[PDB]
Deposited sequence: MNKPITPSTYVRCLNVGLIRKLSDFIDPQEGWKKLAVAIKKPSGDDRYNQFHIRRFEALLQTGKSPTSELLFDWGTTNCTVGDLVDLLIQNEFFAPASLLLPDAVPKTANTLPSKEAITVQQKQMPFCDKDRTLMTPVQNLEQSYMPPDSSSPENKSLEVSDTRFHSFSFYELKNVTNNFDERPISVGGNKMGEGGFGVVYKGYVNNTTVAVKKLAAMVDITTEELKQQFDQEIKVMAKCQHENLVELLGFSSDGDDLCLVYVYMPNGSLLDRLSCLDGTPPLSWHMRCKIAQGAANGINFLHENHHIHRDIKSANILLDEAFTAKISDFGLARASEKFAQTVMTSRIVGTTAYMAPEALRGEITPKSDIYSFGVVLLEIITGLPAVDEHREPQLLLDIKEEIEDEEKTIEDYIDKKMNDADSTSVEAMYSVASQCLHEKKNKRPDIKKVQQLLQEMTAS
């Protein structure tokens, strides 16, 4: 990695301006380590995470580094460096031009809807990123659409490794709308990551967020039960902001989603099967 001065990062982010990009400032959004800022260093656009308890935050800071030191891959975000010298710890990444899957699915800041063809490639890439992490004996613990970033060619890039673990069952963490039953109870298994990817795939098919309090069902994973009981079909939930979806491949992706969302962890497919199933979709 390169090493950055805190005051260099403070300088190139307009003294950490927290108002959004469109109004004038540098806040791109908010994640696991709070606010992420846009900046420019070494003739290169960069995302800066400012890691603002303080003791528990440093453990997550080192985890992001220890994971991103060894684990370099096509479908994982890239850490360019870090800063420890100033008041708070910081992490610098290569800026992903198209932001998060979540924001593009909701068309935040007026971006055009993602096509079905685009959505499939993203599904595949995300699975490939998750596959690399499981091959290298890592569990993410926070797979969700906010943590899948999209590059200049809409390549899926998995991010946020603060809550990741290397390789069990008293500190339960993650985002409850995406977490499996056993993870909510406190189990640390790579099978929990497959469940969450199940929900992420339902977001891709439907363009609906995992949770919405102004909606029935409030949790997106409950549509699986609506479809199995034949009250509604998957075709009734397909995102209407696409002009290029077809039934077969959508049903194919929903089948992968449905198998991922099995409540019994040992009956879910492993990531290599999910990856194989999603390749058979496009082929």
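K.L.:
Tell me which segments of the deposited chain sequence are not represented by C-alpha atoms in this structure.
P.N.:
Missing C-alpha atoms (numbering from 1) occur across the ranges 1-164, 217-221, 337-342, 345, 460.
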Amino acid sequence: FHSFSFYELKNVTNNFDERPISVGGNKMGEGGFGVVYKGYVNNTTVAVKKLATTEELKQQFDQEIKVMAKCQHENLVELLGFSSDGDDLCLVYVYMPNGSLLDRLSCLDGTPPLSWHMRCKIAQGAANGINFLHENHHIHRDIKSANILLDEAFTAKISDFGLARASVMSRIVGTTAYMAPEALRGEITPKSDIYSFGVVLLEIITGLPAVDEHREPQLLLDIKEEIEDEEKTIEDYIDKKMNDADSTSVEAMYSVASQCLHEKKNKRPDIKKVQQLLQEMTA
From here on, numbers count along this sequence of modelled residues.
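K.L.:
Mean CA B-factor: is it higher for 7-15 or for 264-272?
P.N.:
Of 264-272 and 7-15, the stretch with the higher C-alpha B-factor average is 264-272.
K.L.:
Given 88, 203, 74, 182, identify the residue with the highest C-alpha B factor in the PDB entry.
P.N.:
If I rank 88, 203, 74, 182 by C-alpha B-factor, first place goes to 88.
K.L.:
Between 136, 196, 111, 115, which one tops the list for Cα B-factor in this entry?
P.N.:
Out of 136, 196, 111, 115, the record gives the largest C-alpha B-factor to 136.
K.L.:
Among the modelled residues of this chain, does the Cα B factor of residue 38 put it in the lowest, middle or highest third?
P.N.:
Answer is lowest: the recorded C-alpha B-factor places it there.
K.L.:
Can you work out whether the C-alpha temperature factor of residue 104 puts it in the lowest, middle or highest third of the chain?
P.N.:
According to the entry, residue 104 has a C-alpha B-factor in the chain's middle third.
K.L.:
Ranking every modelled residue in this chain by its Cα temperature factor as given in the entry, which third contains residue 46?
P.N.:
It belongs to the lowest third of the chain when residues are ordered by C-alpha B-factor.
K.L.:
Using the B-factor values recorded in the entry, state whether the Cα atom of residue 207 falls in the lowest, middle or highest third among the modelled residues of its chain.
P.N.:
Within its chain, residue 207 is a lowest-third residue by C-alpha B-factor, going by the deposited values.
K.L.:
Grab the CA temperature factor for residue 176 from the record and place it in the lowest, middle or highest third of its chain.
P.N.:
Within its chain, residue 176 is a lowest-third residue by C-alpha B-factor, going by the deposited values.
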